[PDB]
């Protein structure tokens, strides 16, 4: 519904879910009427079919974070294929959709490896560092002050503070004139290709 070339857009992304906090995170997002992108771990997906179905039905985007969060630069072609495909089949069985984007674990990637990934590689330009400090106030502060039009903000769906940060983060971005979108919406009208990395 929105042209991110026209207006200030941001994509809120969450890695390494789903887990125990995902449904409450989904509650906050719903409450704020805010779509997000979840880069899910293949291995967690199998424990959370309902929750992934919920992501799809409530307008969020699901991307791949590989199966078990391994550094793809150290894997064989076989291992990478497994990382990609097992995660796809997991997501598909659980939610009925296949991911259209992949985020490489630890941001580690390279042309020779990316060639083997059937999706666009999606990185980030804002690292909230929530994985390290687990702190909702600092998560908000970094996201808010570092965000730019077209930014992709990296957060992790692995702890409480992401649930706690969303109301304040969404409120402050909105008030600053930003619209929150999925990665898909963010890249509509821009080139976005398989085996290519974007942040």
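Positions refer to the first chain, counted from 1.
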Look over 2 to 10 and 188 to 196 in the entry and identify the one with the greater average Cα temperature factor.
188 to 196
Residue range whose averaged C-alpha B-factor is higher in the record, 60 to 68 or 130 to 138
130 to 138
Among the modelled residues of its chain, does the C-alpha B-factor of residue 167 lie in the lowest, middle or highest third?
highest
Here the Cα B-factor of residue 144, set against its chain, lands in the third termed highest
How does residue 82 rank on Cα B-factor within its chain, lowest, middle or highest third?
highest
Residue 103: which third of its chain by C-alpha temperature factor?
lowest
Where does the C-alpha B-factor of residue 112 rank in its chain, lowest, middle or highest third?
highest
